[PDB]
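K.L.:
This is the structure I have questions about; it appears just below.
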Amino acid sequence: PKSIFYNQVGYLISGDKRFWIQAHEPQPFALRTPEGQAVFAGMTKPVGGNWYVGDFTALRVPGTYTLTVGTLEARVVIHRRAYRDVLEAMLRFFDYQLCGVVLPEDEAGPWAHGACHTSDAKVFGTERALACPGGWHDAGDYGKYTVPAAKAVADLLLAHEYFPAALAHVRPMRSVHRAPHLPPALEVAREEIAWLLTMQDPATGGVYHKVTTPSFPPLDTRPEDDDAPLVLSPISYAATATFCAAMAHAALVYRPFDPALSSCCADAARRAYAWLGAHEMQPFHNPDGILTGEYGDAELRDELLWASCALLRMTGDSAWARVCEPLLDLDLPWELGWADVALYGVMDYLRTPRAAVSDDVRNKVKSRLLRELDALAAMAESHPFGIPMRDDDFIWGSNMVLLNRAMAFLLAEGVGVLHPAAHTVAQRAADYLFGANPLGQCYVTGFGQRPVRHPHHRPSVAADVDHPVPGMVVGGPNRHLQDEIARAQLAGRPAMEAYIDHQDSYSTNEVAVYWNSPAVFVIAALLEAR
Ligand SMILES: [Ca+2]
Ligand SMILES: [Zn+2]
């Protein structure tokens, strides 16, 4: 497959521009207008392994150019807002996943419905029932889970706070949101917050782990065709803590837009934390008779960290610094979910007014955060595609691992922790996700020259349209070959090549709400840069 590897979505006018080829020496290259006029030229340079890169960043005039190097040819496009449409489709994906709510045909097209899982969820072990209407279907399945929901919400909320201008005029589905009509990111994220609120037991303040069917309906199964009884898995520490942090964050962001919802989230967060103080950290386990997504976790101190730090920033009360800061000194991995969420708390802590926290602890936190970014930067400098990844990092949901890492750079920039490689990593992450990889694969449905055509997504599989729901970020290459398709097809291939666009490859070609949400953040960042 001797080919030119590039960002198949496009390049920003004022953005960094790079293409990849396999070679053993530098080669001259050139870009020409559609009419054949040479407008740019340069030399490729080695970046490790068999890989060479070409840099045409200085080419600022928008349009479609013919890139030539050696005998190889490719067409790249430069646009003022090249990632405008893909960002829109990425946020619109959340509306496509909406549950218990009719999606109008004029907006949802061939994947329209219809109200799925309207059944009042029976609490596990009992006959009492609460109405738990979504909200979003988590992944390719239709299950709704509290823990990963908190990440998806937090990311979209963070995307709004950081890059409101880039998201200001993206349009979610028209007839599914209420008043006051919020900025698109907040307009979309509110739906998941609303469902999450109904997941909190008013009796104990605790939060149910997941409301799903007992088992997984077939890949072919339509949402409404899935009418199995809805189980309500027990309250868990992880569910309550992540709920608490997400609500405290929601209560803070939505205040100048929806004061009514802001008030409701704040009270829900406090009650949720009250539960944490009276219950031990117990790892969730699937109830007997439940085989849906467990989303378990044995380490729960980072959840408490996030919950504490979120309430710290929500209240601005230095009383929270007493519980936050000891947890911040722990050697927990500072990551962005869904299981390891410590960095979310770190950010809330750093975005808290300096007068409410300890200076020496704040300096230590900033110092560690920079070290972590330094390590990622070193990884990106060694990687041929400039992304903060090693071979053993390419596991289940490697694209989220990548995107979370790019997000960490951009988040830290917002709190005065500026690493010089931050915006380079952001572009490289987008390049990789949009085709700049050993497979030349655009890992987003409905975009690029080699798009994802057969994702592990039941609404997409159900419809016989031979093209899935657009704007879905798939899991990406997984070296552990954790499905029957991958183990047969992808055996022997390098980590970055451990992907296949097969609808039955759920460990490489699955989608998720918490996979699109960091994608929204990173892509919005690139558009905001202008
Ligand atoms: Ca954890
Ligand atoms: Zn549903």
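Residue numbering restarts at 1 in every chain; chains get A, B, ... in the order shown in the structure tokens, and ligands count up from 1 in that same order.
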Neighbours of ligand 2 within 10 Å, counting only C-alpha atoms and all ligand atoms, as a ChimeraX atom specification?
P.N.:
/A:97-101,114-119,133-138,141-144,212-213,222-227
K.L.:
Got a sec to check which residues lie within 8 Å of ligand 1, using only C-alpha atoms and all ligand atoms, and send them as a ChimeraX atom specification?
P.N.:
/A:238,297-303,337-342
K.L.:
Set out as JSON lines a contact list for segment 6-46 of chain A and segment 421-439 of chain A with a cut-off of 7 Å, giving each residue of segment 6-46 of chain A that qualifies its closest atom pair and distance in Å to one decimal, counting only C-alpha atoms, ordered by chain and rising residue number.
P.N.:
{"residue": "A:6", "atom": "CA", "partner": "A:436", "partner_atom": "CA", "distance": 4.5}
{"residue": "A:7", "atom": "CA", "partner": "A:431", "partner_atom": "CA", "distance": 4.7}
{"residue": "A:8", "atom": "CA", "partner": "A:434", "partner_atom": "CA", "distance": 5.6}
{"residue": "A:9", "atom": "CA", "partner": "A:434", "partner_atom": "CA", "distance": 6.0}
{"residue": "A:16", "atom": "CA", "partner": "A:427", "partner_atom": "CA", "distance": 6.9}
{"residue": "A:20", "atom": "CA", "partner": "A:436", "partner_atom": "CA", "distance": 7.0}
K.L.:
Point out the residue among A:75, A:479, A:255, A:81 with the least atom-to-atom distance to residue 33 of chain A, counting only C-alpha atoms.
P.N.:
A:75
K.L.:
Excluding segment 278-291 of chain A and any residue of its chain fewer than 3 positions from it, enumerate the residues within 12 Å of it, using only C-alpha atoms, and give them as number ranges by chain.
P.N.:
A: 123-125, 143, 146-147, 204-217, 229-241, 271-275, 294-304, 339
K.L.:
Using DSSP secondary structure from the backbone, list all alpha helix (DSSP H) positions within segment 397-451 of chain A, as a VMD selection string.
P.N.:
chain A and resid 398 to 413 422 to 433
K.L.:
Can you list every residue in segment 192-294 of chain A that DSSP puts in strand (DSSP E or B), as JSON, numbers by chain?
P.N.:
{"A": [200, 207, 208, 210, 211, 212, 231, 232, 235]}
K.L.:
Show me, as JSON, numbers by chain, the residues that have an atom within 9 Å of segment 64-68 of chain A when counting only C-alpha atoms, minus same-chain residues fewer than 3 positions from it.
P.N.:
{"A": [4, 28, 29, 30, 31, 32, 33, 34, 36, 71, 72, 73, 74, 75, 76, 77, 78, 79]}
K.L.:
For the selection you just gave me, I'd like the residues written to a file as a PDB file, in the first residue's frame, keeping C-alpha atoms.
P.N.:
ATOM      1  CA  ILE A   4       0.442   9.294   0.770  1.00  0.00           C
ATOM      2  CA  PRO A  28      11.220  16.735  -2.986  1.00  0.00           C
ATOM      3  CA  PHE A  29       7.476  17.394  -3.104  1.00  0.00           C
ATOM      4  CA  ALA A  30       5.131  19.966  -4.609  1.00  0.00           C
ATOM      5  CA  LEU A  31       1.528  21.138  -4.435  1.00  0.00           C
ATOM      6  CA  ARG A  32      -0.291  22.467  -7.487  1.00  0.00           C
ATOM      7  CA  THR A  33      -3.579  24.217  -8.216  1.00  0.00           C
ATOM      8  CA  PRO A  34      -6.326  22.209  -9.977  1.00  0.00           C
ATOM      9  CA  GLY A  36      -1.554  22.667 -12.627  1.00  0.00           C
ATOM     10  CA  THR A  71       5.478   8.731  -8.249  1.00  0.00           C
ATOM     11  CA  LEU A  72       2.730   9.147  -5.663  1.00  0.00           C
ATOM     12  CA  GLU A  73      -0.203  11.553  -5.868  1.00  0.00           C
ATOM     13  CA  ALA A  74      -2.844  12.867  -3.464  1.00  0.00           C
ATOM     14  CA  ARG A  75      -5.378  15.685  -3.182  1.00  0.00           C
ATOM     15  CA  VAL A  76      -5.413  17.738   0.013  1.00  0.00           C
ATOM     16  CA  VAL A  77      -7.820  20.558   0.827  1.00  0.00           C
ATOM     17  CA  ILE A  78      -7.136  23.774   2.717  1.00  0.00           C
ATOM     18  CA  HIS A  79     -10.177  25.503   4.186  1.00  0.00           C
TER      19      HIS A  79
END
K.L.:
Find the residues around segment 500-504 of chain A up to 7 Å (only C-alpha atoms counted), leave out those fewer than 5 positions away in its own chain, and share them as a VMD selection string.
P.N.:
chain A and resid 452 to 456 485 509
K.L.:
Output C-alpha atoms of each residue in that selection to a file, as a PDB file, in the first residue's frame.
P.N.:
ATOM      1  CA  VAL A 452     -15.740   4.052   8.749  1.00  0.00           C
ATOM      2  CA  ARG A 453     -18.447   2.188   6.849  1.00  0.00           C
ATOM      3  CA  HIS A 454     -19.387  -0.705   9.144  1.00  0.00           C
ATOM      4  CA  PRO A 455     -19.283   0.336  12.828  1.00  0.00           C
ATOM      5  CA  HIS A 456     -20.469  -1.795  15.743  1.00  0.00           C
ATOM      6  CA  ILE A 485     -12.954 -10.838  13.850  1.00  0.00           C
ATOM      7  CA  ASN A 509     -14.889  -0.611  15.593  1.00  0.00           C
TER       8      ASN A 509
END
K.L.:
What is the distance between atom CA of residue 17 of chain A and atom CA of residue 45 of chain A, in Å to one decimal?
P.N.:
13.9 Å
K.L.:
Choose the residue, out of A:152, A:188, A:194, A:312, that has the smallest atom-to-atom separation from residue 167 of chain A; count only C-alpha atoms.
P.N.:
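Of all the options, A:188 lies closest to residue 167 of chain A.
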K.L.:
Excluding segment 458-470 of chain A and its own-chain neighbours fewer than 4 positions away, which residues fall within 8 Å of it when counting only C-alpha atoms? Please give them as a ChimeraX atom specification.
P.N.:
/A:89-90,93,96,110-111,140-141,219-223,444-447,453-454,503
K.L.:
So that I can see what lies close to segment 390-407 of chain A, please list as a ChimeraX atom specification the residues with an atom at most 9 Å from it, counting only C-alpha atoms and leaving out residues fewer than 5 positions away in the same chain.
P.N.:
/A:335-337,373,376,379-380,382-383,412,422-423,425-430,433,443,473-482,494-496,498,507-511,514-516,518-519,521-522,525
K.L.:
Quick one: pull the distance between atom CA of residue 320 of chain A and atom CA of residue 359 of chain A, Å, one decimal.
P.N.:
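Interatomic distance here is 14.7 Å.
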K.L.:
Separation of atom CA of residue 166 of chain A and atom CA of residue 15 of chain A, in Å?
P.N.:
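Rounded to one decimal, the two atoms are 14.8 Å apart.
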